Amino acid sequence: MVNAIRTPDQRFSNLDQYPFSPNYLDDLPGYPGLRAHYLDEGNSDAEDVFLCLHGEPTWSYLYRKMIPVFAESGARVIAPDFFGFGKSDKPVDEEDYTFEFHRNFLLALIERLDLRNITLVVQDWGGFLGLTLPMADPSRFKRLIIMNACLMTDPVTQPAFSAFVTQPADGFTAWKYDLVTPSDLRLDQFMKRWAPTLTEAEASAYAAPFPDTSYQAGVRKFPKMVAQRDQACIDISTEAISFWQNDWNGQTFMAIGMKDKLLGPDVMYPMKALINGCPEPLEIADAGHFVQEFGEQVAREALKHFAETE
């Protein structure tokens, strides 16, 4: 039962533009011996809470340009690091990382912190998992900010959410290749390739959580879960579609990183139609898969859109 390692704290000593204080949650229900890190910024007694979920192969550092904007508006911001990433503990075996392992962690976190009036902010795996959370406790969610993401349902139900896996060759195929094949995986080099506008310092922050390959089991497993979806993931993701289509009635805002070869327009437009009340997406021309790197714009416009619909 859950053999995991912890990244030395010194590895985070020289981060670029990450002045956010660490918060930890030990022994969450179903996760004994595991410490999870999360940021808790802005007014702790705020009525609105922005739950920012990251994806592969990043961490809360990805939301560093969005957190200040949300906090300045008077809202509380919660940005957790999934187990295997950021400052959270990292199981050594890939077999321990599953769809429900990460999903149940999010549910436990929300219950432990008793988060309400949540504006769900998602992208990539933050969305694959995040988008399935509201149907479990709908009264806790108020709004949604969705950036490049979708649902991991089966190919028949939604072909658009499976088609990108095989084409184009330089899309998810190259992405997965870059992550699961290198014996010595260098995340600073990976991120510089998939987010060409990052500075050397910023790319370095993405390598910070991983002193060596033994810390990368979660990183290697994520891409494999997009290609091989277990029955639980398919069932949960399918039920989630019905939620956004028939049950959801909250404020929504969508932003698409137009240069993303994985989850761009091909996926985002079909996603827009499935989310009841999702407005016309904000298309960010220069943004790639990691839309949050152009997040100040997304954050500001989302707040403006929300204010005009209360």
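Residue indices: 1-based, along the sequence shown.
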For this session: Would you tell me which stretch averages the higher CA B-factor in the PDB entry, 242-250 or 277-285?
Result: 242-250
Exercise. Mean C-alpha B-factor higher for 139-147, or for 68-76?
Worked result: 68-76
Exercise. Which listed residue, 188, 235, 95, 124, has the largest C-alpha temperature factor in the record?
Worked result: 95
Exercise. Between 192, 112, 90, 224, which carries the biggest CA temperature factor in the record?
Worked result: 112
Seminar exercise, completed: Assert third(CA B-factor, residue 45) within chain per record equals highest
Exercise. Taking the C-alpha B-factors as the PDB entry records them, is residue 107 in the lowest, middle or highest third of its chain?
Worked result: highest
Exercise. Relative to the other modelled residues in the chain, which third contains the C-alpha temperature factor of residue 200: lowest, middle or highest?
Worked result: middle
Problem set entry | Third of the chain, ranked by Cα B-factor, where residue 268 sits | lowest
For this session: Consider only the C-alpha atoms of the modelled residues in this chain, order them by B-factor as the entry records it, and name the third containing residue 61: lowest, middle or highest.
Result: lowest
